[PDB]
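# A look at the structure
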Amino acid sequence: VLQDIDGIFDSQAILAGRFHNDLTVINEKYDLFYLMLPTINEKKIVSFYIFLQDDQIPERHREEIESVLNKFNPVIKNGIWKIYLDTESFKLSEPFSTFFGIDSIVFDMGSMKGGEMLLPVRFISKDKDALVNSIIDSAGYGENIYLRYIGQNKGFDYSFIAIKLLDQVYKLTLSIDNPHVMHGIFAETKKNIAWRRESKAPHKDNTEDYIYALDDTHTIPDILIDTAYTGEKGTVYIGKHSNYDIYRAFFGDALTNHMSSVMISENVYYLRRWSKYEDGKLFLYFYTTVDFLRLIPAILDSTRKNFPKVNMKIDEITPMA
Amino acid sequence: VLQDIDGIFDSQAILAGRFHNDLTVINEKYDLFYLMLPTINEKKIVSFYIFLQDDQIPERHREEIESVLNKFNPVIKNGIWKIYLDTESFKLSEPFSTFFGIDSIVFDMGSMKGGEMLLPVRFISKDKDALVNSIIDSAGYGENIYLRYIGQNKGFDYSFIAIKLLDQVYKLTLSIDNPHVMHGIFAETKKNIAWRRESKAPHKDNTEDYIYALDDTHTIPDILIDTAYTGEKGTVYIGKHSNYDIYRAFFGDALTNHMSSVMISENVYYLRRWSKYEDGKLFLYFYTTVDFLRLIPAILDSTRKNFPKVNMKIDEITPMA
Amino acid sequence: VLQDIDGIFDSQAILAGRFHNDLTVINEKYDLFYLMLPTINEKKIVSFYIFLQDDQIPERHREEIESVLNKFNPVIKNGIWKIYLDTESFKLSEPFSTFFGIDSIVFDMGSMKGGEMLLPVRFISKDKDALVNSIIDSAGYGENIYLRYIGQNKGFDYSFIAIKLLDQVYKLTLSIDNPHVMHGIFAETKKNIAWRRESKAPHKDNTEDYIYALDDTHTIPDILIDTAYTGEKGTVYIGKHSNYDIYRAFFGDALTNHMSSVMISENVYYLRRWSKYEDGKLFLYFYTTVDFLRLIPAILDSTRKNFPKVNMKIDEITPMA
Amino acid sequence: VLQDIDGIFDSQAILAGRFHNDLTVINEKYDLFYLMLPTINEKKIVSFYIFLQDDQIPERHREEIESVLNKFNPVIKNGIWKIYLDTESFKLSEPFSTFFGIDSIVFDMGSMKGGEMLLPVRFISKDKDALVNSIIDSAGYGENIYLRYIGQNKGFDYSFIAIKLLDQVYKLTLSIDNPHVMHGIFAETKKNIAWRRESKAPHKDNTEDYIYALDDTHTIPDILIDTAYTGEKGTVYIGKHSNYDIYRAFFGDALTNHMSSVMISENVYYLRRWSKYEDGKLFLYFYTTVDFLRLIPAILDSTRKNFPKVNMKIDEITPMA
Amino acid sequence: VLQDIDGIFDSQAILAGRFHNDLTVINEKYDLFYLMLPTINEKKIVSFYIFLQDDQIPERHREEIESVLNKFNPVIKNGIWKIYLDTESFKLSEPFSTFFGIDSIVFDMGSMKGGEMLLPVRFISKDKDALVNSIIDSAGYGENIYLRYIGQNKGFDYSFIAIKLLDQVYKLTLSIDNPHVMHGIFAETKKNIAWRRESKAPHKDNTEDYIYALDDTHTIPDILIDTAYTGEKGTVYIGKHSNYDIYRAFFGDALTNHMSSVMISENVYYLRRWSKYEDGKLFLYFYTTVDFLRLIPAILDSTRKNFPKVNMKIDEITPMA
Ligand SMILES: [Ca+2]
Ligand SMILES: [Ca+2]
Ligand SMILES: [Ca+2]
Ligand SMILES: [Ca+2]
Ligand SMILES: [Ca+2]
Ligand SMILES: [Cl-]
Ligand SMILES: [Cl-]
Ligand SMILES: [Cl-]
Ligand SMILES: [Cl-]
Ligand SMILES: [Cl-]
């Protein structure tokens, strides 16, 4: 029986690399820790947000570090520095865009420590050779993206360990018992449609790029009966897991998008998100550090006011493992 | 079979928040630890007592710390600073009063560390949505209260861990084999009445606000035969647990009130208290640190002299694993 | 089957208190550790010997500490300071003497650390209420003695942990196969008399105060057939454990007394001692730190010369786990 | 059933020694760590490459250390100092060549720490007395080399522990499903030939010296059907393990040779390598630290281009437990 | 079934003491560690060699320490200081000689730390009272020797722990398949003689003093058929263990003697040695630290050349768990 969609991904890899740039120098120089949030745009180009805890800056060196950070047009909020690395500011943007283009590849939250970037990905083993080959083709003289791990999926939660995140992680579960109120992918209420979903990219800009696991009793047209979904109707059939059809899909919902843009405007984000739809009920699962927890009340207040017809509950908030 | 009344509470939450005030500033600045004792008045408004161990003040910074503490009209006794935060000095008094008003909510001992307040609550799951909603509504008014945990009750003793209390906790058991000499809720000796009890607030001022679990063989009128109980006869029916009726009730006894009033006058208090009544016999259970233990002999001497007909034993004092 | 007499004691308590006195001030001020040996005199007044390791005195503060110690008429020997402290023999309040007077109460070795004394006692549960009541009454006379533990007997060896003794403890077993040559309580050789014994006080002066567990096949008169025992013939019947009659008794033997006075004249002592008599054979069990071990050869040499008809063996010396 | 060829080696030894030379002096004086790679030439003379992490040089003494290192004609690349110790610069070259000449002896990666050299070897118990005797004879000519261990094979992975390598080790698995396109030892595709292989020396120069374990259904001539193998056709029969014939053999393949020369030109190397051939498929197993991993993409790119007909996959990269 | 001769020794004791001498003062003063090797002469008087690791001398205090050491005519070799303490300089020589004279007593390696000497012994329980009595009698002459342990044998390897040896211990096994070429105790080859052996003293001078465990199928005259053994034919029958006769015996072999004198001339020694003879094969077992291992090749080279007819093998060298 398929519960967490993580179960359809039989493979996992830990990508590693270095790009030289003043942020990297100080990271290595002063033992700093960055969280690196992958973001895709409408043309599926990969970029990154960088997050730095203000209180993790050694006071001895604050002056030098701040002067380097300020060159990158930072936003400081809730004790967190947020820096955007556009395609140009981020030389490695072209290999990561290639990896992303491999259908079953799901990007997890990354990090930078000791000047080295770590990015976990989860995927389906048929795509393993394509991933390996683009890493090898990409290889030139000098610094190359490489593999610290590739093999069976150790779990989405291993990704947190792989990137050296030491902070306590929490699991948040939200439930929405009347999602049909939003129409779109929730419009069909008579067929017992059931699916699981996880984004290929944790953050995105004017686009959708999801892995849907759909109970094969139904097809995509059973879901898309109106024009109120976000993104586009297009899909790519990936394969089967048990009694589920796996799709890469370019449509989504506005509620998850809203929550994402509100939270990043507060310089916080989740490490992982996936959702479950069955029996006409929507479940949202977030894995986060405490920063996100502080803002949950405000974020849900905003989300409720922007989606006033939606019934939205917190099922539970639990520390993990 | 229901032993500890904790068993009727299937849910638990850890509330967290911050309020700006000089006490908060020094706590964060100098790594201090406060215990925060919730107190309700007759109008069911929540306030707090703050407790600080004198020997936990770093001596280098004592001068600055003491000058801040003295602005809050402190009482110093038995090596402990006691500070009262009235509704006015304590901005967050209105959300917590709202939480308290939710029938099954029981406040545990709170703390403050790193400038952040932690307050555990235990409750019955039917009231979960009401609690969450007032937290979210509160966030719409500016308030920064949030949840570090909400889900199954991990136990009253998890609360001690949640608030980061590192001190050894002890369990004290008192027994009273002739409570009927106090009359009030103990006046009925003919019926095999049985119940468990725990206060919704650890401390209170001229009021009673209890959760009673009453063996459903009997009703509240079976207990209230005279007018010698403390508080008021009023109740709110909450629901059923096994063969027990659960009530919120506004009546109590003078003996427990006396003990509470004596011990706080000595700047000590328990972390948790509940009681059991069955076979005409009363049991009192206290969970405390060593400060309270030092004063148990004096407190019981006082209690005996004020209630000279009552037979009062120490059944057990044990450290908790 | 009853082996260690510890098995007849179903209860245990850890007494705690403070002596207001300069020895207390320096103990707390300079993180010293005292062993506190309870001693009774002929009138059953409890006093204490205080033991301090000379090499545990921080030299930076030796001058101040020595000047305080010398006010108490110390004896220094084998690197150990020995001080006699009498508080109860004169004034009104005499709490430890009162506890001792409770029949089944057995005092273990105490300690003083962080300005607080810890004193374990073992006893039989029928006497629990009497102990608690005198502690509560004692608090009405000013006295600050309280309970850090009261409940089941965790074992004589828990007492060592309770008083925060970190030193390695050793078990010494002596056997005497011809104790009848001393007469007294060993005079009767024709009846299959069997008993266990432990003193209510680890040290004593011109008195005996024992708990005897006697196989109920026999009575006290079966033992006392001559006049050559030490102390008095008097007993108080305490109760039954299995097939053993429990007595408080005021008679003993000269050999155990001799060993005690020799070793304390050398400023060393055991943490616990008990004995077994069966099949006309005597066993002595000592629990001690290494200080006592160093002097065992000399002490046994002395004991043999003072009791030249006695055959005395070391059965075993083992570290305790 | 034989999986890892390590299973044919029932014996293992840890050789230890000291040679006087300035590299040894600084190694001991400043707590440096060298990896030492045994290398053989066409005349089977053993030499060593020395590897030193640049970032492990204490900056305090960098000047002195670098001046000593530069006397040995170092190559610095990828943060690693590589130094070649030729037979004359390396007095102990005569005993180690003798050990190597013992047929079943396999050299593992060695290390130097605290001025002492550690070199693990794995072998078949048949050769134990010969190894011991040459150590004792070698001693007679000047005592230096000795044994820290000799007995059962604890495993190839124990060798990593023996040399005190603290770095995380990784297992890399490559598979080649069409090795027959290289001809040579892979030319025969019609017979169900199966074997395992491991080099007696981790690195080599213009020579081959392998242990082959060949399923005894076939013989060496069944493998060597053309003239396109590297090295020479010669073998020495060592014995049997289960259903496998063990040979020392002087032929190999060009692909593994290429990978070895490319990686050492980058100052990285594996700790261990072995290969498996069965069902027309070749498996290559590498055990390495992270330095090797960084260069895998470049190394495989080079290997693919020099062997364009070969299908080469990464099966797995896993950290070792 | 009897393997290690340690199995015949059911008892063990740890002797402890102090003798005043400048070596003792400095050991205590500077936290030094000595190994103390018991040695007997032809008159069975016990003396000691003292071993001190040069690199364990704190450089701060080297001058003072060396000046004290040099007064005792030290030999320095292989980084080790060796000092002989003759009977006169070693006041305690007379009690230890008495202990040694007790037939079943076996001396292990001793140590001195914190100015206190620790010496483990193993023996057979019938001799316990004799050992205890000479310790007690000794204490009547002034002597400060005492027992930190006496009871069942915890094993020869517990002795290493008792003396606070922190160094890694190794087990070396030698085998000699043709010991009859040395004649003496190995001359009889036609009877299936089997025995185990361990010296009562780890080192000795012109004497033999062994415990032999001889399979009781045979007697001592069955062994001694020629005059080519070392020492004397005399024995003392100790008793039985299973099917083995236990003897104290004053004859031995020249090969073990040679190895001992060569290794101590290099300032190294074993912690324990015993041997097994059965099926015409001799096994020698050594337990040692690494110092001895460094010199094994030289020692065996020397031993082979002095006994050219003897076939010697290293069976195994393993670290001890
Ligand atoms: Ca279905
Ligand atoms: Ca009922
Ligand atoms: Ca009986
Ligand atoms: Ca076959
Ligand atoms: Ca036999
Ligand atoms: Cl999702
Ligand atoms: Cl209560
Ligand atoms: Cl006794
Ligand atoms: Cl290979
Ligand atoms: Cl031997």
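Counting of residues begins from 1 for each chain and follows its sequence as written, which need not mirror the entry numbering; any residue without coordinates is not displayed. To label them, take the chains in the order written and letter them from A, then take the ligands in the order written and number them from 1. Working from all heavy atoms in the structure, the side-chain values ignore hydrogens and water.

If you check the header, you'll see the entry was determined by X-ray crystallography and the resolution is listed as 2.4000 Å.

With that out of the way, let us pick up the overall build of chain A. Counting from the N terminus, the helices are the DSSP runs of H or I reaching at least four residues and the strands are the DSSP runs of E reaching at least two. Counting its secondary structure elements, chain A contains eight helices and 18 strands. C-alpha atoms define the radius of gyration, and 2.2 Å times the number of residues to the power 0.38 defines the globule rule. Taken over the C-alpha trace, chain A has a radius of gyration of 20 Å; the compact-globule value for 321 residues is 20 Å, and the two agree within 12%. Dimensions of chain A, computed from the C-alpha atoms along their principal axes, are close to 60 × 45 × 35 Å. Buried means the residue's accessible area, taken with a 1.4 Å probe over protein chains only, is under 20% of the maximum for its type, while exposed means over 50%, and partly exposed covers the values in between. Taken over 321 residues, chain A has a buried fraction of 62%. The contact criterion used is simple: two residues touch if any of their non-hydrogen atoms lie within 4.5 Å. Here the analysis covers contacts within chain A between residues at least 6 apart in sequence; of these, 73% occur between residues at least 24 apart. Using a 1.4 Å probe, the Shrake-Rupley method yields the accessible areas, and only the shown protein chains count as cover for residues. Accessible area for chain A stands at about 12800 Å²; split by element, carbon and sulfur atoms hold 47% of it. Taken together, the 36 basic and 45 acidic charged side chains of chain A have centroids lying 2 Å from each other. Counted charges follow a simple rule, with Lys and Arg positive, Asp and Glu negative, and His plus the chain ends left uncounted. A single reference atom marks each charge: NZ on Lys, CZ on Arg, CG on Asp, CD on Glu.

Bringing the interface of chain D and chain E into the picture now. Each partner contributes to the interface: chain D provides 18 residues, whereas chain E provides 16 residues. Two parts placed together each lose some accessible area under a 1.4 Å probe, and adding up what both lose gives the buried area. With both sides pooled, the region where chain D packs onto chain E buries about 1500 Å², and carbon together with sulfur makes up 57% of that total. If you sort the residues of chain D by the area they bury against chain E, D:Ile136, D:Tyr146 and D:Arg148 come out on top, with a joint share of 35%. Should a side-chain nitrogen of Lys or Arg be within 4 Å of a carboxyl oxygen of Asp or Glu, the pair is scored as a salt bridge. Our count for the contact surface shared by chain D and chain E stands at two salt bridges. Two residues, D:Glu116 and E:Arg294, come together in a salt bridge whose shortest N-O distance is 2.6 Å. Here a polar contact is recorded for every N or O atom pair within 3.5 Å, except that within protein the pair must consist of a potential hydrogen donor and a potential acceptor, and residues adjacent in sequence are included only if both atoms are side-chain atoms. Between chain D and chain E we count six residue pairs in polar contact in total. In terms of residue count, the dominant contributor to the side of chain D that touches chain E is helix 4 (residues 128-140) of chain D (eight residues). Per-class residue counts for the side of chain D that touches chain E are nine nonpolar, three polar and six charged. Three categories are distinguished: nonpolar for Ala, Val, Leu, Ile, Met, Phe, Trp, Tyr, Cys and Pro, charged for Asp, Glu, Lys and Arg, and polar for the others, with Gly belonging to the last.

Looking now at the interface of chain D and chain A. The interface is formed by 16 residues belonging to chain D together with 19 residues belonging to chain A. Interface area, chain D with chain A, both sides summed: about 1400 Å², of which 54% is carbon and sulfur. Only helix 8 (290-306) and strand 18 (312-319) of chain D provide two or more residues apiece to the side of chain D that touches chain A. When its residues are assigned to classes, the side of chain D that touches chain A shows nine nonpolar, one polar and six charged.

Moving on, we get to the pattern of salt bridges. Residue and element names in this part refer to chain A. Throughout the structure, instances matching the rule amount to 121 salt bridges over all chains. Ionic pairing is found between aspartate 6 and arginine 122, a salt bridge with its closest N-O pair at 2.8 Å. One end of the pair, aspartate 6, is in the segment before strand 1 (11-17); the other, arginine 122, is in strand 8 (residues 116-123), and 116 residues separate them in sequence. Pair check on accessibility: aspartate 6 and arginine 122 agree, each one buried. As a salt-bridge pair, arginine 248 and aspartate 103 come within 3.1 Å of each other at their nearest N and O atoms.

In the superposition of chain D on chain A (RMSD 0.6 Å, axial shift 0.5 Å), the rotation amounts to 71°. What the superposition gives is, in effect, a five-fold axis relating one chain to the other. Closest to the rotation axis within chain D is the C-alpha of D:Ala321, separated from it by 18 Å. Note on alignment: the copies are superposed with a least-squares fit restricted to their C-alpha atoms.

So, on to the domain arrangement of chain A. All names here are of chain A. What fixes the domain bounds is an automatic or database domain assignment. Each assigned domain of chain A is listed here: domain 1 (9-164 + 201-208) and domain 2 (165-200 + 209-319). Once you take the C-alpha centre of each, domain 1 and domain 2 turn out to be 24 Å apart. In this complex, domain 1 contributes 38 residues to the contact, which on the side of domain 2 involves 33 residues. The contact between domain 1 and domain 2 buries some 3000 Å² in all, and 54% of this surface belongs to carbon and sulfur atoms. Broken down residue by residue, the surface that domain 1 buries against domain 2 is led by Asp103, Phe160 and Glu208, which jointly contribute 26%. Linking domain 1 with domain 2 are four salt bridges.

In this section: helix 2 (residues 62-69) of chain C. Residues and elements named next belong to chain C. Within the span of helix 2, buried status applies to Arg62, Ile65, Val68 and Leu69. End-on view of helix 2: buried residues confined to an arc of 135°, all on one side of the axis. Looking at the packing, one finds that the buried side of helix 2 touches helix 1 (22-29), strand 3 (46-53) and strand 5 (80-85). Note: the arc covers the axis-to-C-beta directions of the helix.

On to the packing of aromatic side chains, then. By convention, a stacked pair of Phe, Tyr or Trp rings (six-membered ring in the case of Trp) has centres within 6.5 Å and planes under 30 degrees apart, an edge-to-face pair has planes over 60 apart, and any other such pair is tilted. The full count for this structure, using the stated rule, is 113 aromatic pairs over all chains. Arranged with centres 5.4 Å apart and planes meeting at 20°, the rings of C:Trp195 and C:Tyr277 form a pair that is stacked. Placement of the pair is C:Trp195 in strand 11 (residues 195-199) and C:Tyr277 in strand 16 (residues 272-278), with a sequence separation of 82 residues. For C:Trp195, a relative accessible area of 0% puts it in the buried group. A centroid spacing of 5.0 Å and a plane angle of 85° characterise the contact between E:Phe19 and E:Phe90, whose relative ring orientation is edge-to-face. Of this pair, E:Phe19 sits in the loop between strand 1 (11-17) and helix 1 (22-29) while E:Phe90 sits in the loop between strand 5 (80-85) and helix 3 (93-101), and the two are 71 residues apart along the sequence. Accessibility assignment for this pair places E:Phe19 and E:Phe90 in one class, buried. Taken together, the aromatic side chains of A:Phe186, A:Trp195, A:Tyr210, A:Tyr212, A:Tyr229, A:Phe251 and A:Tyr277 make up a single cluster linked through ring pairs. The residue whose ring lies beneath B:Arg197 is B:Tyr210, and the NZ or CZ to ring-centre distance is 4.4 Å. In this arrangement the basic side chain of E:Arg272 is found over the ring face of E:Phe156, its NZ or CZ atom lying 4.1 Å from the centre. Note on geometry: a ring has a charge over it if NZ (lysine) or CZ (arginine) is within 6 Å of the ring centre and within 35 degrees of the ring normal.

What follows covers the coordination of the calcium ion (ligand 2). For the calcium ion (ligand 2), the protein coordination sphere consists of B:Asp215 (OD), B:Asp215 (OD) and B:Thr217 (OG1), at 2.3 to 2.5 Å. Owing to a relative accessible area of 55%, B:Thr217 belongs among the exposed residues under this scheme. Distances decide who is a donor: an N, O or S atom must be within 2.8 Å of the metal, or within 3.2 Å for Na, K and Ca. Water is not included, so sites may look incomplete.

Residues and elements named next belong to chain E. Counting buried residues in strand 2 (residues 33-40) gives eight out of eight residues, a clear majority hidden from the surface. Every second residue of strand 2 is oriented toward a common face, with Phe33, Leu35, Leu37 and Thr39 on one face and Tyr34, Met36, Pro38 and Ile40 on the other, all of them buried. Between any two strands, pairing holds if DSSP finds at least two bridges. Bridge count between strand 2 and strand 7 (residues 110-113): four bridges; the pairing is antiparallel. For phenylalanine 33, the partnering residue across the bridge sits in strand 7 and is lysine 113.

Our focus in this paragraph is the UniProt feature "binding site: Ca(2+)" (unreviewed entry) in chain A. All names here are of chain A. UniProt's feature table lists "binding site: Ca(2+)" (unreviewed entry) at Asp215 and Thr217, given in the numbering used throughout. With respect to the secondary-structure elements, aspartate 215 resides in strand 13 (residues 210-215). Once residues lying within four places of it in the same chain are set aside, the contact partners of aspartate 215 are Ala194, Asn243 and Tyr244. Polar contacts involving the side chain of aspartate 215 include one to the side chain of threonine 217, which spans 2.7 Å. Mapped onto the secondary structure, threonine 217 falls in the loop between strand 13 and helix 6 (220-223). UniProt positions are given in the numbering used here, feature names are shortened, and annotations may be inferred rather than shown by experiment.

The pocket and cavity definitions rest on a 1 Å grid over protein atoms only: a 1.4 Å probe that fits but cannot leave marks a cavity, an open set with protein on both sides within 12 Å along at least five of seven lines marks a pocket, and residues lining either have an atom within 4 Å of a point. Grid points are joined across faces, edges and corners, and a volume is the space filled by probe spheres set on the points. Quantified by volume, the largest pocket comes out at close to 1700 Å³. Secondary-structure elements contributing two or more residues to the lining of the largest pocket are strand 1, strand 8, strand 9 (146-152) and helix 5 (158-162) of chain A together with helix 8 of chain D. Per-element accounting of the lining of the largest pocket gives the leading share, nine residues, to helix 8 of chain D. Looking at the lining of the largest pocket residue by residue, the classes come out as 17 nonpolar, 13 polar and 19 charged.

So, on to helix 7 (residues 254-264) of chain E. Residues and elements named next belong to chain E. Within helix 7, eight of the 11 residues are buried, which leaves it mostly tucked inside the rest of the structure. Among the residues of helix 7, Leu255, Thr256, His258, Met259, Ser260, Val262, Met263 and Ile264 are the ones counted as buried. One side-chain oxygen at the N-terminal end of helix 7 lies 3.1 Å from the backbone nitrogen of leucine 255; it belongs to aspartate 253.

On to the arrangement of the chains, then. Ranking the five pairs of chains in contact by number of contacts places chains A and D first. Separated throughout, chain C and chain D approach each other most closely at a C-alpha pair spaced 33 Å apart. With no contact between them, chain A and chain E keep their nearest C-alpha atoms 33 Å apart.

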